[PDB]
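Take a look at the structure below.
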Amino acid sequence: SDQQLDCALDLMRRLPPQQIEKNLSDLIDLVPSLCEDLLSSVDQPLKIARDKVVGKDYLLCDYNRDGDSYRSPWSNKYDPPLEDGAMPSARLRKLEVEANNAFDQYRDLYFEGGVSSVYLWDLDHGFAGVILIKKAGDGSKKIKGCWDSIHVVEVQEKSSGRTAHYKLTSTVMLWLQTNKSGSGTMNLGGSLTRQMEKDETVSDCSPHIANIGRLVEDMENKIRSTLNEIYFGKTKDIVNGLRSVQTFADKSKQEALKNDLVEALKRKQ
Amino acid sequence: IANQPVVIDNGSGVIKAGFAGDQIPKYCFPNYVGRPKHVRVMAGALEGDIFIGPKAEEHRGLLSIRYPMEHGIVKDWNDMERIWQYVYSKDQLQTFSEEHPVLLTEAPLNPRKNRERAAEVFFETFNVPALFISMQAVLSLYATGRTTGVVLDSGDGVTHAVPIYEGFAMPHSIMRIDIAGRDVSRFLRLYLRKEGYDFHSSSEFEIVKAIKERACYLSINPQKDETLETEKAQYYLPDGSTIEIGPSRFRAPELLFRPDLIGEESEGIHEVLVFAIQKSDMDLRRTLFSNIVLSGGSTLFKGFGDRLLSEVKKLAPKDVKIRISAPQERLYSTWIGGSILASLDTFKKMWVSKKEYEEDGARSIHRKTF
Amino acid sequence: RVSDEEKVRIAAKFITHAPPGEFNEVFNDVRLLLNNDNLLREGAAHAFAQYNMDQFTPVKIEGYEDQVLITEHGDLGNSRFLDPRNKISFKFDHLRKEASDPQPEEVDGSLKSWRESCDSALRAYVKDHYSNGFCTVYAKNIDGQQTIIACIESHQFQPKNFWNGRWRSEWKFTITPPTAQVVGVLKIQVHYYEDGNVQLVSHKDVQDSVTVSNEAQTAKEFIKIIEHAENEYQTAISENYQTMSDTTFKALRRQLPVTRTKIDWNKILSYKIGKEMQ
Ligand SMILES: Nc1ncnc2c1ncn2[C@@H]1O[C@H](COP(=O)(O)OP(=O)(O)O)[C@@H](O)[C@H]1O
């Protein structure tokens, strides 16, 4: 049970992420008794249903999914449309619509299209809200991608001093299917995941939508840059380590001069 | 060659130059190109008119001063050569290229083209027989004597975190950003553009940079110190013109931490430094935590390193012992190390002779640089 | 109830697609999953052999020290792996790196010495360019052509550093003086996994056509072609880091907005900040 669960999670880390849905299907076919555990750990990738009455292609998650009935973040139409289930507060319903519109604009601010849906479900001292953003790949080019922004905010409003504790769950996926000749059949999928706390003020000028949107902006750019620098420079070092371009015996004399530098360091210190 | 080797402290904002053995660069004057602004009429009006130094600082309002080292990269190549001739002149060197050995320094992530063009100067126009283009961060390590240190320069158009190991950095874990106090001070002037101060000349802006070096700092609390209302301390121009300062003094350096103030595709040089350190082994990161070296000139603000410390505490994990060395000749730390390496006579193999250029050009430098 | 044969196929597939170095660990994980060693080893034995073949496992027989990459041109079918570099066939435990009893191989020679010269120059280069994993040029005089199968491979496995890089470079060539073709691939398998999986895989399908004059004459020439394709492609990838870093990134997810300044949702929600005219 636990041995298969742990080996399954680390195996998903080891398995090719291009088949995550099919890999998980193969995993359920292997051990179906640990199906929901792996579904809870590794959530579903971004699926899109259409809010036909509102004309909104909306992302699919666990929270909108009333059982197995995906709530639209605009019309609250389940998929299949049920009558009772995933329901935020009425004020939270309208606030959710506002947040969805503004974050669709955010998706246009960084993606200039795509599908994004934020789902909310009220609670007393704050609540939890899942933030989702999906974008396709460069169809105009040889590089393909499947943007999978999976985010969950831990809204914890504090009545004292109108602040609100937040801890946005971070999880972003995208493909780097660059099939360029200079890149070869190069593909990469950053199955990223982070989270960090903050207590932000909720006001008329800084409401929940604005607060969380700012944190989203911050977190996304930070993680994205962290990948681009740390991970990609690291892979560059890996590229140089597996295959060096410079022939040796050239670097040897340079290292001998390096030894002489250390010698001089000892000559003075 | 049996002469005192020339050390060239390639400062972005303030370039310097000197020799071996010394601790302060023999001749100091910043990096700029001061072109004229009028036409000679009276016999007594000097000629050449693209003056540097005493005439520049003297007649700031008469010289259209420009800057070649844009983004830490010289654009007025030929003019910089003539600035070296200004150094070669009776003012600073009083010698020739062919006489003294020379040592050029460099920042990380530099394009080869600049190095090649420089070598063209060095061995064609100038004809130094003993010269090689070295780095700058390792020179600050020579100054500190440290081995596993992170060097952070602070110039005008360059900012780089260099995680070094015994004077031999991982040429991959190093990060480099080509922006500092130039546009930051321009942005501070932009703050004053809102309050009516668009005094556009660079020499007129040199005064603003004198304020940058003088009436500016880094408040650790970002919004708690920015959103409040200041006292607007006054400043007086060379004539003594009253100009208030306000919050701008610490608002503008936030650009280095929040590039969104100018819209730069950077992420805060502090985070970039964190990432420069994070591109190595954890224990090597510990060694770099123990040795944090600062260079350049913009390392002279109040709460500069303090706000940096706070940022690292809010970003880096636990137990990160941020041991930041705070020397004073951070500008000259690179020069100090150049004088140190210049004193090292092992440089014979490390240099590039004139015939070495004749047979390799700059390929020899690219084969010997690290 | 689900049939275990599906698990056999899925297991063999995933074990052939296992990360480099973590292959046996992947096999251990799958053994912890199914725990039916018979059905496991059914597709897993071929997964072992096939993984060694495609992944170019550099098995090194101690009595010869060849570091021969495992491919399809080495086995005798009964685990005995021929060596194009030293004319010996040794049995090999596919489940491990365990090899045994290298029996000499009376083979062609009209190509073996030729690839030995090529492999000598390639080994001198590759060892100055690789650290963990090297080259192995297979030979075969099939279809009236002295077919050079220059298989090259590189890796380094640092799970402490959380990465398992892997390089492979199979080159297809036929010594047919003078019309010969330098065909080749430059397979990559980078496996970083800490806090974001980085399973980077690429290659470079290239086909050149060199003229075969002599053994040592065109040996270094063929190696030079491979050499330049390696240097060029690695250079292209180094440039690809920057070009993708900005182009691909901002193309999919922008770094800053179009205005690049700041996103203030307060003023955005206020007045409906631009949906009126824009
Ligand atoms: N006291 C100071 N306070 C703040 N900034 C300073 C001070 N002195 C110098 N600077 C900044 O450092 C710059 C000097 O550039 P420099 O550090 O020589 O370039 P490099 O980093 O290439 O050596 C100046 O442009 C100035 O903006």
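A quick note on method: Cβ atoms are made from the backbone with ideal geometry, for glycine too, and the neighbour counts reach across all protein chains shown. Bear in mind that the values in this text are calculations on the coordinates, not laboratory data.
Points worth noting:
- When the criteria are applied in full, B:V293 fails the requirement of being assigned to a helix (DSSP H, G or I), within 16 Å of the ligand (Cβ to nearest atom) and touching a residue at least 60 places away in the same chain (Cβ under 8 Å).
- Residue among C:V201, C:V190, C:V183 that alone is away from chain B (no Cβ under 14 Å), crowded, with 19+ Cβ neighbours inside 10 Å and of a type in the set (A, V, I, L, M): C:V190
- Meets criteria (charged (D, E, K, R), within 16 Å of the ligand (Cβ to nearest atom) and either in a helix (DSSP H, G or I) or buried (at least 24 other Cβ atoms within 10 Å of the Cβ) (or both)) for B:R186: yes
- Within the range B:254-271, the residues that satisfy the criterion of being of a type in the set (A, V, I, L, M) and crowded, with 21+ Cβ neighbours inside 10 Å are B:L255, B:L256, B:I269.
- Exactly one residue out of B:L218, B:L228 is farther than 18 Å from B:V14 by Cα and within 15 Å of the ligand (Cβ to nearest atom): that is B:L218.
- Test: B:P5 is under 29 Å from B:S333 (Cα atoms), surrounded by fewer than 17 Cβ atoms within 10 Å (Cβ to Cβ), more than 16 Å from the ligand (Cβ to nearest atom) and not hydrophobic (A, V, I, L, M, F, W, C): no
- Among the residues making up the range A:169-180, those that are within 8 Å of chain C (Cβ to nearest Cβ) and either over 21 Å from C:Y233 (Cα atoms) or surrounded by fewer than 20 Cβ atoms within 10 Å (Cβ to Cβ) (or both) are A:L174, A:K180.
- Being under 16 Å from the mean Cα position of the chain (by Cα) and part of a helix (DSSP H, G or I) is a description that does not apply to B:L192.
- Flag for C:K267 being free of Cβ contacts under 8 Å to residues at least 40 places away in the same chain, part of a loop (DSSP other than H, G, I, E, B) and among the charged types (D, E, K, R): no
For (1) under 16 Å from B:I174 (Cβ atoms); (2) away from the ligand (no atom under 16 Å from the Cβ), each residue gets a yes or a no:
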position	(1), (2)
B:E264	no, yes
B:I269	yes, no
B:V272	yes, no
B:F275	yes, yes
B:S280	yes, yes
B:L284	yes, yes
B:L300	no, no
B:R307	no, no
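- The residues of the range B:48-78 that are surrounded by 17 or more Cβ atoms within 10 Å (Cβ to Cβ), closer than 15 Å to B:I15 by Cα and among the charged types (D, E, K, R) amount to a single one, B:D76.
- Comparison of C:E62, C:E72 shows that the only residue that is free of Cβ contacts under 8 Å to residues at least 12 places away in the same chain, outside any helix (DSSP H, G or I) and under 30 Å from C:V107 (Cα atoms) is C:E62.
- Meets criteria (in a loop (DSSP other than H, G, I, E, B), within 15 Å of the ligand (Cβ to nearest atom) and not β-branched (V, I, T)) for B:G44: no
- From the options B:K318, B:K355, B:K279, residue that is more than 22 Å from the chain's Cα centre (by Cα) and either among the small types (G, A, S) or part of a helix (DSSP H, G or I) (or both): B:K355
- Of residues in the range B:314-370 being within 16 Å of the ligand (Cβ to nearest atom) and within 14 Å of another protein chain (Cβ to nearest Cβ), the one nearest to B:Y142 (Cα to Cα): B:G337
- Enumerated strands (runs of 3 or more DSSP E) restricted to the range C:119-226, each holding at least 3 residues that are free of Cβ contacts under 8 Å to residues at least 60 places away in the same chain: C:146-158, C:163-175, C:182-184, C:188-192, C:198-202, C:206-208
- The single condition among (1) without any contact (Cβ under 8 Å) to a residue 60 or more places away in the chain; (2) at the interface with chain C (Cβ under 7 Å from one of its Cβ atoms) that A:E217 does not satisfy is (1).
- Condition met for C:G144 (at positive phi and more than 14 Å from chain A (Cβ to nearest Cβ)): yes
- Residue among A:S149, A:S117 that alone is more than 10 Å from chain C (Cβ to nearest Cβ), small (G, A, S) and crowded, with 22+ Cβ neighbours inside 10 Å: A:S117
- Top-ranked residue of the range C:36-63 - restricted to ones that are out of contact with any helix residue (DSSP H, G or I) (no Cβ under 9 Å at 6 or more places or on another chain) and within 14 Å of chain A (Cβ to nearest Cβ), ranked as farthest from C:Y130 (Cα to Cα): C:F56
- Residue match in the range B:154-169 (condition: surrounded by fewer than 24 Cβ atoms within 10 Å (Cβ to Cβ), away from the ligand (no atom under 16 Å from the Cβ) and either among the charged types (D, E, K, R) or under 12 Å from the mean Cα position of the chain (by Cα) (or both)): yes
- Any hit, the range A:182-192, residues being out of contact with any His (no Cβ under 6 Å at 6 or more places or on another chain) and more than 11 Å from chain C (Cβ to nearest Cβ): no
- Count of the range C:1-17 residues which are under 9 Å from A:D29 (Cα atoms) and outside any helix (DSSP H, G or I): 2
- The residue pairs whose first member lies in the range B:175-189 and is within 14 Å of another protein chain (Cβ to nearest Cβ), whose second member is within 10 Å of the ligand (Cβ to nearest atom), and whose beta carbons are closer than 7 Å, counting only pairs six or more residues apart or on different chains, are B:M175/B:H160; B:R176/B:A107; B:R176/B:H160; B:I177/B:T159; B:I177/B:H160.
- Checking each residue in the range C:183-216 for being small (G, A, S) and within 30 Å of A:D10 (Cβ to Cβ) picks out C:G196, C:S202.
Per-residue answers, yes or no, for (1) surrounded by fewer than 15 Cβ atoms within 10 Å (Cβ to Cβ); (2) within 14 Å of chain C (Cβ to nearest Cβ); (3) touching a residue at least 24 places away in the same chain (Cβ under 8 Å):
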| position | (1), (2), (3) |
| --- | --- |
| A:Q4 | no, yes, yes |
| A:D26 | no, yes, no |
| A:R50 | yes, no, no |
| A:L59 | no, no, yes |
| A:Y63 | no, no, yes |
| A:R71 | no, no, yes |
| A:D84 | yes, no, no |
| A:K94 | yes, yes, no |
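- Listed conditions (1) more than 30 Å from C:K187 (Cβ to Cβ); (2) without any contact (Cβ under 8 Å) to a residue 24 or more places away in the chain are all met by A:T185, apart from (1).
- Test: residue in the range A:234-252 that is of a type outside the set (D, E, K, R) and farther than 28 Å from B:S364 by Cα: yes
- In the range A:232-253, the residues that are at the interface with another protein chain (Cβ under 7 Å from one of its Cβ atoms) and assigned to a helix (DSSP H, G or I): A:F232, A:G233, A:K234, A:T235, A:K236, A:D237, A:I238, A:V239, A:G241, A:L242
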